[PDB]
file query-v6.pdb (PDB, C-alpha atoms (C1' of nucleotides))
ATOM      1  CA  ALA A   3     150.923  89.026  30.117
ATOM      2  CA  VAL A   4     154.021  90.679  31.660
ATOM      3  CA  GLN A   5     152.891  90.616  35.329
ATOM      4  CA  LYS A   6     152.481  86.826  35.472
ATOM      5  CA  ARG A   7     156.023  86.441  34.098
ATOM      6  CA  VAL A   8     157.529  87.615  37.418
ATOM      7  CA  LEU A   9     154.599  87.407  39.863
ATOM      8  CA  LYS A  10     154.308  83.907  41.374
ATOM      9  CA  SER A  11     150.579  83.578  42.266
ATOM     10  CA  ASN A  12     147.190  85.346  41.720
ATOM     11  CA  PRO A  13     147.486  88.737  43.257
ATOM     12  CA  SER A  14     146.489  91.950  45.071
ATOM     13  CA  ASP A  15     147.634  95.589  44.684
ATOM     14  CA  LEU A  16     151.171  95.620  46.042
ATOM     15  CA  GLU A  17     152.458  92.467  44.408
ATOM     16  CA  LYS A  18     151.481  93.977  41.063
ATOM     17  CA  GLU A  19     153.178  97.319  41.884
ATOM     18  CA  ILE A  20     156.482  95.640  42.777
ATOM     19  CA  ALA A  21     156.322  93.413  39.687
ATOM     20  CA  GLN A  22     155.681  96.376  37.377
ATOM     21  CA  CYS A  23     158.527  98.328  39.033
ATOM     22  CA  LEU A  24     160.886  95.380  38.510
ATOM     23  CA  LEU A  25     159.819  95.167  34.837
ATOM     24  CA  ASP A  26     160.439  98.943  34.540
ATOM     25  CA  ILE A  27     163.938  98.359  36.038
ATOM     26  CA  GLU A  28     164.448  95.460  33.570
ATOM     27  CA  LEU A  29     163.327  97.583  30.583
ATOM     28  CA  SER A  30     165.429 100.727  31.077
ATOM     29  CA  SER A  31     168.891  99.158  31.668
ATOM     30  CA  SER A  32     170.712 102.506  32.062
ATOM     31  CA  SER A  33     171.814 102.023  35.717
ATOM     32  CA  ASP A  34     175.128 100.413  36.815
ATOM     33  CA  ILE A  35     173.441  96.967  37.145
ATOM     34  CA  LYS A  36     174.563  93.932  35.073
ATOM     35  CA  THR A  37     171.898  91.905  33.125
ATOM     36  CA  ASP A  38     169.434  94.021  35.149
ATOM     37  CA  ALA A  39     167.072  92.154  37.541
ATOM     38  CA  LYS A  40     165.658  89.894  34.839
ATOM     39  CA  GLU A  41     165.479  86.487  36.545
ATOM     40  CA  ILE A  42     164.100  87.831  39.860
ATOM     41  CA  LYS A  43     160.528  86.612  40.390
ATOM     42  CA  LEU A  44     158.558  87.478  43.498
ATOM     43  CA  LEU A  45     156.597  85.150  45.765
ATOM     44  CA  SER A  46     154.707  87.596  47.948
ATOM     45  CA  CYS A  47     154.569  91.015  49.578
ATOM     46  CA  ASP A  48     153.514  92.354  52.956
ATOM     47  CA  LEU A  49     153.090  95.974  54.134
ATOM     48  CA  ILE A  50     153.906  96.708  57.812
ATOM     49  CA  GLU A  51     154.286  99.905  59.913
ATOM     50  CA  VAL A  52     156.925 100.560  62.607
ATOM     51  CA  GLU A  53     156.944 102.396  65.991
ATOM     52  CA  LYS A  54     156.622 105.674  64.072
ATOM     53  CA  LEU A  55     153.490 105.684  61.936
ATOM     54  CA  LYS A  56     154.946 106.929  58.615
ATOM     55  CA  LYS A  57     157.373 105.655  55.943
ATOM     56  CA  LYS A  58     156.118 102.052  56.194
ATOM     57  CA  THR A  59     158.069  98.883  55.387
ATOM     58  CA  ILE A  60     157.436  96.375  52.641
ATOM     59  CA  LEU A  61     158.522  92.797  53.080
ATOM     60  CA  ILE A  62     159.387  90.933  49.923
ATOM     61  CA  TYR A  63     159.352  87.145  49.857
ATOM     62  CA  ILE A  64     161.552  85.455  47.272
ATOM     63  CA  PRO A  65     161.877  81.749  46.365
ATOM     64  CA  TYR A  66     165.188  80.495  47.949
ATOM     65  CA  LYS A  67     166.755  79.319  44.663
ATOM     66  CA  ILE A  68     166.187  82.683  43.002
ATOM     67  CA  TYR A  69     167.449  84.564  46.066
ATOM     68  CA  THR A  70     170.638  82.494  46.270
ATOM     69  CA  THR A  71     171.533  82.669  42.577
ATOM     70  CA  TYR A  72     170.529  86.176  41.494
ATOM     71  CA  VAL A  73     169.413  88.528  44.264
ATOM     72  CA  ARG A  74     172.370  88.155  46.616
ATOM     73  CA  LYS A  75     174.953  89.206  43.993
ATOM     74  CA  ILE A  76     173.518  92.652  43.274
ATOM     75  CA  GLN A  77     171.809  93.284  46.563
ATOM     76  CA  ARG A  78     172.838  96.847  47.491
ATOM     77  CA  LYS A  79     172.124  98.330  44.059
ATOM     78  CA  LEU A  80     168.881  96.360  43.652
ATOM     79  CA  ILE A  81     167.417  97.367  47.012
ATOM     80  CA  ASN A  82     168.276 101.040  46.222
ATOM     81  CA  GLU A  83     166.311 100.798  42.928
ATOM     82  CA  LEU A  84     163.345  99.419  44.876
ATOM     83  CA  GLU A  85     163.675 102.269  47.459
ATOM     84  CA  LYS A  86     163.796 104.853  44.640
ATOM     85  CA  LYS A  87     160.729 103.385  42.881
ATOM     86  CA  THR A  88     158.442 102.706  45.830
ATOM     87  CA  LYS A  89     158.684 105.390  48.514
ATOM     88  CA  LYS A  90     158.910 102.818  51.288
ATOM     89  CA  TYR A  91     161.503 100.641  53.006
ATOM     90  CA  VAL A  92     161.845  97.324  51.191
ATOM     91  CA  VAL A  93     163.411  94.232  52.806
ATOM     92  CA  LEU A  94     164.276  90.997  50.915
ATOM     93  CA  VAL A  95     163.996  87.508  52.491
ATOM     94  CA  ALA A  96     164.489  83.973  51.191
ATOM     95  CA  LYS A  97     161.743  81.388  51.885
ATOM     96  CA  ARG A  98     163.419  78.632  53.900
ATOM     97  CA  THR A  99     161.326  75.620  55.016
ATOM     98  CA  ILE A 100     161.454  74.664  58.725
ATOM     99  CA  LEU A 101     160.936  71.113  60.051
ATOM    100  CA  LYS A 102     160.248  69.753  63.575
ATOM    101  CA  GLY A 103     162.896  67.183  64.659
ATOM    102  CA  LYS A 104     160.831  64.013  65.208
ATOM    103  CA  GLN A 105     158.065  64.877  62.765
ATOM    104  CA  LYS A 106     159.492  62.650  60.000
ATOM    105  CA  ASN A 107     159.723  63.556  56.317
ATOM    106  CA  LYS A 108     159.405  61.314  53.267
ATOM    107  CA  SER A 109     162.836  62.540  52.153
ATOM    108  CA  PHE A 110     165.995  62.848  54.257
ATOM    109  CA  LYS A 111     167.973  60.650  56.621
ATOM    110  CA  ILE A 112     166.774  62.642  59.665
ATOM    111  CA  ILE A 113     166.000  66.369  59.493
ATOM    112  CA  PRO A 114     168.843  68.437  57.947
ATOM    113  CA  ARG A 115     170.193  71.236  60.143
ATOM    114  CA  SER A 116     169.566  73.669  57.309
ATOM    115  CA  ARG A 117     165.851  73.043  58.022
ATOM    116  CA  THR A 118     166.103  73.674  61.773
ATOM    117  CA  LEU A 119     164.289  76.545  63.491
ATOM    118  CA  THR A 120     167.335  78.131  65.079
ATOM    119  CA  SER A 121     169.439  77.983  61.868
ATOM    120  CA  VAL A 122     166.645  79.420  59.768
ATOM    121  CA  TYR A 123     166.008  82.310  62.161
ATOM    122  CA  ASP A 124     169.745  83.097  62.204
ATOM    123  CA  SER A 125     169.660  82.988  58.384
ATOM    124  CA  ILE A 126     166.703  85.398  58.207
ATOM    125  CA  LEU A 127     168.636  87.723  60.507
ATOM    126  CA  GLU A 128     171.404  87.741  57.877
ATOM    127  CA  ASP A 129     168.776  88.398  55.135
ATOM    128  CA  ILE A 130     167.208  91.451  56.804
ATOM    129  CA  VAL A 131     170.498  93.160  57.742
ATOM    130  CA  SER A 132     172.017  92.207  54.307
ATOM    131  CA  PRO A 133     173.374  95.658  53.123
ATOM    132  CA  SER A 134     175.465  95.144  56.289
ATOM    133  CA  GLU A 135     176.714  91.886  57.835
ATOM    134  CA  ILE A 136     176.345  90.951  61.531
ATOM    135  CA  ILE A 137     179.225  91.954  63.853
ATOM    136  CA  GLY A 138     178.013  90.102  66.986
ATOM    137  CA  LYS A 139     174.915  88.835  68.812
ATOM    138  CA  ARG A 140     173.816  89.321  72.429
ATOM    139  CA  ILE A 141     170.587  88.037  74.028
ATOM    140  CA  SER A 142     169.547  89.900  77.177
ATOM    141  CA  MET A 143     167.149  88.217  79.652
ATOM    142  CA  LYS A 144     165.172  90.891  81.469
ATOM    143  CA  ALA A 145     163.653  90.320  84.942
ATOM    144  CA  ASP A 146     160.260  90.260  83.171
ATOM    145  CA  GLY A 147     161.173  86.886  81.605
ATOM    146  CA  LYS A 148     161.217  88.257  78.075
ATOM    147  CA  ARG A 149     164.296  88.004  75.887
ATOM    148  CA  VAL A 150     165.832  90.881  73.939
ATOM    149  CA  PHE A 151     167.969  90.336  70.889
ATOM    150  CA  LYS A 152     170.657  93.030  70.806
ATOM    151  CA  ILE A 153     171.957  92.543  67.263
ATOM    152  CA  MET A 154     175.106  94.496  66.498
ATOM    153  CA  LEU A 155     175.881  95.652  62.926
ATOM    154  CA  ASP A 156     179.221  96.449  61.250
ATOM    155  CA  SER A 157     180.145 100.036  60.268
ATOM    156  CA  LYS A 158     179.766 100.292  56.467
ATOM    157  CA  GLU A 159     176.162 101.457  56.366
ATOM    158  CA  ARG A 160     176.603 104.027  59.117
ATOM    159  CA  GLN A 161     177.412 106.725  56.545
ATOM    160  CA  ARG A 162     174.152 106.714  54.515
ATOM    161  CA  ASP A 163     171.529 108.899  56.226
ATOM    162  CA  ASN A 164     168.627 106.392  56.446
ATOM    163  CA  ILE A 165     170.451 104.603  59.332
ATOM    164  CA  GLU A 166     168.119 104.930  62.343
ATOM    165  CA  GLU A 167     165.091 104.445  60.156
ATOM    166  CA  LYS A 168     166.626 101.271  58.703
ATOM    167  CA  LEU A 169     167.482  99.864  62.159
ATOM    168  CA  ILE A 170     163.923 100.348  63.471
ATOM    169  CA  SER A 171     162.613  98.938  60.182
ATOM    170  CA  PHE A 172     164.782  95.823  60.595
ATOM    171  CA  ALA A 173     163.570  95.364  64.171
ATOM    172  CA  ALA A 174     159.952  95.537  63.059
ATOM    173  CA  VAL A 175     160.456  93.096  60.185
ATOM    174  CA  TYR A 176     162.305  90.591  62.350
ATOM    175  CA  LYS A 177     159.427  90.687  64.832
ATOM    176  CA  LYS A 178     156.749  90.023  62.183
ATOM    177  CA  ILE A 179     158.739  87.162  60.628
ATOM    178  CA  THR A 180     159.862  85.602  63.942
ATOM    179  CA  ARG A 181     158.140  86.276  67.227
ATOM    180  CA  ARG A 182     160.948  87.944  69.160
ATOM    181  CA  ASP A 183     161.896  91.474  70.214
ATOM    182  CA  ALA A 184     165.104  92.711  68.610
ATOM    183  CA  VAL A 185     167.048  95.941  68.765
ATOM    184  CA  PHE A 186     169.878  96.874  66.413
ATOM    185  CA  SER A 187     172.852  99.182  66.759
ATOM    186  CA  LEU A 188     176.331 100.182  65.634
ATOM    187  CA  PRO A 189     179.506 100.722  67.709
ATOM    188  CA  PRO A 190     180.805 104.248  68.565
TER     189      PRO A 190
ATOM    190  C1'   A B   1     178.283  72.211  73.144
ATOM    191  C1'   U B   2     174.293  71.662  69.379
ATOM    192  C1'   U B   3     168.542  70.157  66.220
ATOM    193  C1'   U B   4     161.218  74.221  68.365
ATOM    194  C1'   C B   5     161.877  79.661  70.039
ATOM    195  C1'   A B   6     157.313  81.929  71.556
ATOM    196  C1'   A B   7     152.695  84.784  71.292
ATOM    197  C1'   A B   8     147.395  85.817  72.857
ATOM    198  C1'   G B   9     142.828  85.055  76.401
ATOM    199  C1'   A B  10     140.007  83.984  81.148
ATOM    200  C1'   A B  11     139.990  82.912  86.467
ATOM    201  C1'   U B  12     142.417  84.322  91.703
ATOM    202  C1'   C B  13     145.664  87.427  95.293
ATOM    203  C1'   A B  14     149.121  91.595  92.899
ATOM    204  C1'   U B  15     151.222  86.848  91.648
ATOM    205  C1'   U B  16     149.400  82.178  90.529
ATOM    206  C1'   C B  17     146.843  78.208  87.983
ATOM    207  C1'   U B  18     144.297  77.124  83.326
ATOM    208  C1'   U B  19     143.007  77.467  77.684
ATOM    209  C1'   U B  20     143.946  79.090  72.581
ATOM    210  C1'   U B  21     147.522  79.484  67.933
ATOM    211  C1'   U B  22     152.251  78.688  65.765
ATOM    212  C1'   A B  23     156.058  74.806  61.097
ATOM    213  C1'   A B  24     155.625  69.880  57.656
ATOM    214  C1'   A B  25     154.085  65.574  55.677
ATOM    215  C1'   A B  26     150.606  61.575  55.390
ATOM    216  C1'   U B  27     145.092  60.543  55.941
ATOM    217  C1'   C B  28     139.741  61.610  56.143
ATOM    218  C1'   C B  29     135.017  65.133  53.636
ATOM    219  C1'   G B  30     138.772  74.688  51.308
ATOM    220  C1'   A B  31     137.765  71.906  56.716
ATOM    221  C1'   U B  32     138.550  67.905  59.819
ATOM    222  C1'   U B  33     143.256  63.486  62.800
ATOM    223  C1'   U B  34     148.136  60.503  62.935
ATOM    224  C1'   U B  35     154.244  60.721  63.074
ATOM    225  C1'   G B  36     161.478  57.565  66.068
ATOM    226  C1'   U B  37     163.043  53.057  70.234
ATOM    227  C1'   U B  38     164.527  52.660  75.347
ATOM    228  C1'   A B  39     165.702  54.378  80.161
ATOM    229  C1'   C B  40     163.280  57.733  83.185
ATOM    230  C1'   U B  41     158.576  59.399  85.184
ATOM    231  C1'   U B  42     153.201  59.568  85.936
ATOM    232  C1'   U B  43     148.903  57.296  86.503
ATOM    233  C1'   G B  44     146.616  52.544  86.419
ATOM    234  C1'   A B  45     145.666  47.162  86.369
ATOM    235  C1'   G B  46     146.156  42.509  88.898
ATOM    236  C1'   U B  47     147.592  41.907  94.299
ATOM    237  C1'   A B  48     146.055  36.143 100.615
ATOM    238  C1'   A B  49     144.832  37.013 105.384
ATOM    239  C1'   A B  50     147.131  37.449 110.240
ATOM    240  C1'   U B  51     150.658  41.122 111.107
ATOM    241  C1'   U B  52     151.351  46.636 110.287
ATOM    242  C1'   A B  53     149.777  51.730 109.573
ATOM    243  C1'   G B  54     144.659  53.068 109.809
ATOM    244  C1'   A B  55     138.653  54.684 109.845
ATOM    245  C1'   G B  56     134.276  53.047 112.801
ATOM    246  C1'   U B  57     132.993  51.229 117.604
ATOM    247  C1'   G B  58     132.667  53.904 126.196
ATOM    248  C1'   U B  59     135.654  45.419 126.200
ATOM    249  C1'   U B  60     133.888  48.727 133.397
ATOM    250  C1'   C B  61     139.305  51.266 131.600
ATOM    251  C1'   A B  62     143.140  49.476 128.908
ATOM    252  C1'   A B  63     145.826  45.414 126.522
ATOM    253  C1'   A B  64     141.619  44.258 123.451
ATOM    254  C1'   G B  65     137.740  42.414 120.428
ATOM    255  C1'   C B  66     134.894  42.777 115.537
ATOM    256  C1'   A B  67     131.228  44.160 117.075
ATOM    257  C1'   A B  68     126.869  46.580 117.832
ATOM    258  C1'   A B  69     122.968  50.427 118.246
ATOM    259  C1'   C B  70     117.757  51.840 118.998
ATOM    260  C1'   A B  71     112.407  51.910 121.056
ATOM    261  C1'   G B  72     109.241  49.243 124.338
ATOM    262  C1'   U B  73     107.352  47.020 133.041
ATOM    263  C1'   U B  74     106.523  44.276 127.506
ATOM    264  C1'   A B  75     103.223  49.093 122.948
ATOM    265  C1'   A B  76     103.861  52.451 120.240
ATOM    266  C1'   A B  77     105.949  53.206 115.678
ATOM    267  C1'   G B  78     107.038  51.721 110.761
ATOM    268  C1'   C B  79     105.381  48.400 106.381
ATOM    269  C1'   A B  80     102.756  43.520 104.838
ATOM    270  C1'   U B  81      97.730  41.893 102.636
TER     271        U B  81
END
call {"tool": "encode", "arguments": {"input": "query-v6.pdb", "output": "structure tokens"}}
result
Amino acid sequence: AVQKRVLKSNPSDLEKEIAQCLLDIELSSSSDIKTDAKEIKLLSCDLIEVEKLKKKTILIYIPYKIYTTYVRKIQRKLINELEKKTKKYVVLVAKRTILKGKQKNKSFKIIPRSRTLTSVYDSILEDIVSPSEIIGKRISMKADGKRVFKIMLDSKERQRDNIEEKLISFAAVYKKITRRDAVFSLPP
RNA sequence: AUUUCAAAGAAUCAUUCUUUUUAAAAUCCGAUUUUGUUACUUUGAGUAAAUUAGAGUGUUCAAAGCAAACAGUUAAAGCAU
């Protein structure tokens, strides 16, 4: 049936809710979205809380090819439709594969840099911030010996009123995906 | 310049030392175990003694030596059948 059309693999509650919501978005076609969301198909979902214990965040995993072709083009409008439908913060990421440098794959003349840890984690940082684009990066080394990622955002999405909530949400999601402590902010 | 960052636990005085897990492929019965070359570095192996450093040992002491020690005015003791 219509769930298995867009849902990648045998499922639990939240994967089905997102898939149904996407089909609902596909069906109605009255918003300022072109060819709707029709080719988007979802790999997986996670639900995560932040520092504050309410208005949780949903991570959405997408197959790289799909993300690159379809999702990226319409991203601001699409994410807003998801926010409207499910009363939660949604964040979209592309599944990139990561390979250790000497480990040795059947394909490839040595490991491609696109498959390196550092490049992929930089790429995911672009994915999570995506309604904005990164202004500059700064890694602070505290006396503790931990490292803090001060990630500075542009200025476009400073006007919409979900700002602080989004920044905390991004920090949380970056931490669950990649084991680091980030903080996010915007210039004066 | 650049290609794998980290996270959790126990010991100990408040630091230190130690263990766990965290990508991907092949392989072995949803679980189990392999993955550039070389320098470098770690352990090791196999190394003549004398010499030399060095442990043991009151050559009268020392330089030395490679020995010695013990009980017994003459037997006890041990263990051998």
call {"tool": "interface_residues", "arguments": {"input": "query-v6.pdb", "of": "chain B", "to": "chain A", "cutoff": "8 Å", "atoms": "all atoms listed in the file", "output": "list in words"}}
result
residues 3, 4, 5, 6, 7, 23, 24, 25, 35 and 36 of chain B
call {"tool": "residues_around", "arguments": {"input": "query-v6.pdb", "residues": "residue 34 of chain A", "least_positions_apart": "4", "cutoff": "12 Å", "atoms": "all atoms listed in the file", "output": "NGL selection string"}}
result
:A and (27 or 30 or 38-39 or 76 or 78-80 or 82-83)
call {"tool": "atom_distance", "arguments": {"input": "query-v6.pdb", "atom1": "atom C1' of residue 43 of chain B", "atom2": "atom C1' of residue 11 of chain B"}}
result
27.1 Å
call {"tool": "residues_near_point", "arguments": {"input": "query-v6.pdb", "point": "(164.5, 86.7, 32.5)", "cutoff": "10 Å", "atoms": "all atoms listed in the file", "output": "PDB file with C-alpha atoms, in the coordinates of the input"}}
result
ATOM      1  CA  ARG A   7     156.023  86.441  34.098  1.00  0.00           C
ATOM      2  CA  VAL A   8     157.529  87.615  37.418  1.00  0.00           C
ATOM      3  CA  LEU A  25     159.819  95.167  34.837  1.00  0.00           C
ATOM      4  CA  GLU A  28     164.448  95.460  33.570  1.00  0.00           C
ATOM      5  CA  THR A  37     171.898  91.905  33.125  1.00  0.00           C
ATOM      6  CA  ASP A  38     169.434  94.021  35.149  1.00  0.00           C
ATOM      7  CA  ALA A  39     167.072  92.154  37.541  1.00  0.00           C
ATOM      8  CA  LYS A  40     165.658  89.894  34.839  1.00  0.00           C
ATOM      9  CA  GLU A  41     165.479  86.487  36.545  1.00  0.00           C
ATOM     10  CA  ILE A  42     164.100  87.831  39.860  1.00  0.00           C
ATOM     11  CA  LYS A  43     160.528  86.612  40.390  1.00  0.00           C
TER      12      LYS A  43
END
call {"tool": "resolve_selection", "arguments": {"input": "query-v6.pdb", "expression": "the PyMOL selection byres ((chain A and resi 20) around 10)", "output": "PDB file with C-alpha atoms, in the coordinates of the input"}}
result
ATOM      1  CA  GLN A   5     152.891  90.616  35.329  1.00  0.00           C
ATOM      2  CA  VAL A   8     157.529  87.615  37.418  1.00  0.00           C
ATOM      3  CA  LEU A   9     154.599  87.407  39.863  1.00  0.00           C
ATOM      4  CA  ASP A  15     147.634  95.589  44.684  1.00  0.00           C
ATOM      5  CA  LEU A  16     151.171  95.620  46.042  1.00  0.00           C
ATOM      6  CA  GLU A  17     152.458  92.467  44.408  1.00  0.00           C
ATOM      7  CA  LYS A  18     151.481  93.977  41.063  1.00  0.00           C
ATOM      8  CA  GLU A  19     153.178  97.319  41.884  1.00  0.00           C
ATOM      9  CA  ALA A  21     156.322  93.413  39.687  1.00  0.00           C
ATOM     10  CA  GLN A  22     155.681  96.376  37.377  1.00  0.00           C
ATOM     11  CA  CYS A  23     158.527  98.328  39.033  1.00  0.00           C
ATOM     12  CA  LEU A  24     160.886  95.380  38.510  1.00  0.00           C
ATOM     13  CA  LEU A  25     159.819  95.167  34.837  1.00  0.00           C
ATOM     14  CA  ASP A  26     160.439  98.943  34.540  1.00  0.00           C
ATOM     15  CA  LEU A  44     158.558  87.478  43.498  1.00  0.00           C
ATOM     16  CA  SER A  46     154.707  87.596  47.948  1.00  0.00           C
ATOM     17  CA  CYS A  47     154.569  91.015  49.578  1.00  0.00           C
ATOM     18  CA  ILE A  60     157.436  96.375  52.641  1.00  0.00           C
ATOM     19  CA  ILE A  62     159.387  90.933  49.923  1.00  0.00           C
ATOM     20  CA  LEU A  84     163.345  99.419  44.876  1.00  0.00           C
ATOM     21  CA  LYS A  87     160.729 103.385  42.881  1.00  0.00           C
ATOM     22  CA  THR A  88     158.442 102.706  45.830  1.00  0.00           C
TER      23      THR A  88
END
call {"tool": "residues_around", "arguments": {"input": "query-v6.pdb", "residues": "segment 163-174 of chain A", "least_positions_apart": "6", "cutoff": "7 Å", "atoms": "only C-alpha atoms (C1' of nucleotides)", "output": "PDB file with C-alpha atoms, keeping the file's coordinate frame"}}
result
ATOM      1  CA  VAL A  52     156.925 100.560  62.607  1.00  0.00           C
ATOM      2  CA  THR A  59     158.069  98.883  55.387  1.00  0.00           C
ATOM      3  CA  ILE A 130     167.208  91.451  56.804  1.00  0.00           C
ATOM      4  CA  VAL A 131     170.498  93.160  57.742  1.00  0.00           C
ATOM      5  CA  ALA A 184     165.104  92.711  68.610  1.00  0.00           C
ATOM      6  CA  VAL A 185     167.048  95.941  68.765  1.00  0.00           C
ATOM      7  CA  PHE A 186     169.878  96.874  66.413  1.00  0.00           C
TER       8      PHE A 186
END
call {"tool": "atom_distance", "arguments": {"input": "query-v6.pdb", "atom1": "atom CA of residue 129 of chain A", "atom2": "atom CA of residue 81 of chain A"}}
result
12.2 Å
